[PDB]
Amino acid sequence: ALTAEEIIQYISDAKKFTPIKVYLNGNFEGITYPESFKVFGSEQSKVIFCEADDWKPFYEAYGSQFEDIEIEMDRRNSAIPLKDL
């Protein structure tokens, strides 16, 4: 299906990004989220899909209003497509 050339081009393009997924409990009032953030959840518990490079300074800034945290690297960091799209 995909050629070796197409695969390494894909890896070259994709590897720049480091999507992660963060589970949080806490208070989310008075927070502005970076552009890479896609925030799901309820008033006092979130799941955030975001870029690692944005997560780091965000946590340093706002981490005092979070009470529990779990961080996962998104599986797309190690995915190659089976076909093009």
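Numbering starts at 1 and runs along the sequence shown.
A.B. asks: Could you tell me which third, lowest, middle or highest, the C-alpha B-factor of residue 9 occupies within its chain?
C.D. replies: Ranked within chain, residue 9 CA B lands in the middle tercile.
A.B. asks: Thinking about Cα B factors across the chain, which third does residue 74 belong to?
C.D. replies: Residue 74: CA B-factor falls in the lowest third of its chain.
A.B. asks: Test of reading the entry: by CA B factor among the chain's modelled residues, which third contains residue 27?
C.D. replies: Residue 27: CA B-factor falls in the highest third of its chain.
A.B. asks: Pull the Cα B-factor of residue 51 out of the PDB entry and bin it into the chain's lowest, middle or highest third.
C.D. replies: Lowest third - that is where residue 51 ends up once the chain's C-alpha B-factors are sorted.
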